[PDB]
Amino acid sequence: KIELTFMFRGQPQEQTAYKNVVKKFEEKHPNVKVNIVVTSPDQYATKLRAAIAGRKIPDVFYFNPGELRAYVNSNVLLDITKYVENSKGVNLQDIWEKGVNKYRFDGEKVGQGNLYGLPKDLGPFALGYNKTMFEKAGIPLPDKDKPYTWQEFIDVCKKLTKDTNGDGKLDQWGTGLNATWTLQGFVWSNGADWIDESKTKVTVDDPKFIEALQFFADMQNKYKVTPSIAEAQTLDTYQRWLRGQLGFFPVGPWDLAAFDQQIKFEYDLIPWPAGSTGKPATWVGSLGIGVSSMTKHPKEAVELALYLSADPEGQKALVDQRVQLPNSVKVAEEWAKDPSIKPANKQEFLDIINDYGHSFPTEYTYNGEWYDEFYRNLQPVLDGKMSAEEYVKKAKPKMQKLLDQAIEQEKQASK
């Protein structure tokens, strides 16, 4: 008799996996029916924004940790503390503390207090390499613990860039990194960030930021260890990685099902190359599962969120379907140690979570518009038409004005 709407996003392999686990939920709870609204990752934010603007909020939905404070102030998210505490067996202490705490808010700051959502996952973004390619080229394998320096990374990438089938044309490249998701590590490992320590001042004009951004663009334009602009336009580098054309490409746990289906070469995980700090860096992603403050069935809505986030049966089904690593720390640890589950160095994912992964800058700000502005006009830098130095000087005041406005919202909306 009960009906819940569950809104979320995913790549095709993720949509299938969560639809399957929702069906499992419905088998376990024959009185609850779940109506699914699913979208591509790229369409999700617009669709969810529209639902919230209309105050037509799905019972259960994915949301961005950077929106937690805004969602609490606007009464979007139900406080689920008591339903979680009263639930049968569920103990959120087996779950990554880093994950759980992103969705706690005590009235003033994130990380403590009442629960306003549950972690979908933690998403450490690792660096993968094509071991088949390395071994066919006679190049010594990357070390699983010691990061390449930037110079060493470029060196090995040049060695991997070649005409393998002998038709006179390059057909294999060292890498082909997407700035949207892989610039952060180079920036962070070079001792820079988009914003300052206090999270109130834009710092993209830092010489260390500029160096990292120029190095990134230079992979394509100067060192030439990527497909050309035209070649990437013909077929994007994610697809070229899948077809075995690239030495290096990032790997998230959400990728594993798709990679199981499409990747026919051997690959493994390594630390990201390290800039001036000598320490590798990358991001640890997360999404929240929240419950509408306006839901007519809070108990069943939280049961669904718990099933996806924390229930050993729901969790086991998601991990088996290769779209995430276990939310339970002990289970993740035994998972990482199981050699029959590839890649071999799965442990790298845990090392990112525990040691050298960071949050996206927008997780600290009231909205992310200031950061979206940086990326909106970035492509001329990436294609070598504008220097990194010239762009960040132009972008910084635009970003700062947006950040200042986000801060003023934090103040006004929280009266």
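Residue indices: 1-based, along the sequence shown.
*Asks:* If you average the CA temperature factors as listed in the entry, which stretch comes out higher, 77 to 85 or 233 to 241?
*Replies:* According to the PDB entry, the answer is 77 to 85.
*Asks:* State which stretch shows the higher mean Cα B factor in the entry: 92 to 100 or 257 to 265.
*Replies:* Result: 92 to 100.
*Asks:* Please pick out which of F153, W173, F105, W181 has the largest Cα B-factor as recorded in the entry.
*Replies:* Max CA B-factor in the entry, restricted to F153, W173, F105, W181: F105.
*Asks:* Looking at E211, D218, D193, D145, which one carries the largest C-alpha B-factor according to the PDB entry?
*Replies:* Answer, based on the entry's C-alpha B-factors: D145.
*Asks:* For the chain shown, is the CA B-factor of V110 in the lowest, middle or highest third of its modelled residues?
*Replies:* Tercile = highest for this residue's CA B-factor.
*Asks:* Using only modelled residues of the chain, where does the Cα B factor of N367 rank: lowest third, middle third or highest third?
*Replies:* For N367, whose C-alpha B-factor we compare with every modelled residue in the chain, the answer is the middle third.
*Asks:* Which third of the chain does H358 land in by C-alpha B-factor: lowest, middle or highest?
*Replies:* Lowest third.
*Asks:* Would you mind ranking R9 by its C-alpha B-factor against the rest of the chain and naming the third, lowest, middle or highest?
*Replies:* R9: CA B-factor falls in the middle third of its chain.
*Asks:* Looking at the entry's B-factor column for C-alpha atoms only, identify whether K162 ranks in the lowest, middle or highest third of its chain.
*Replies:* It falls in the middle third of the chain.
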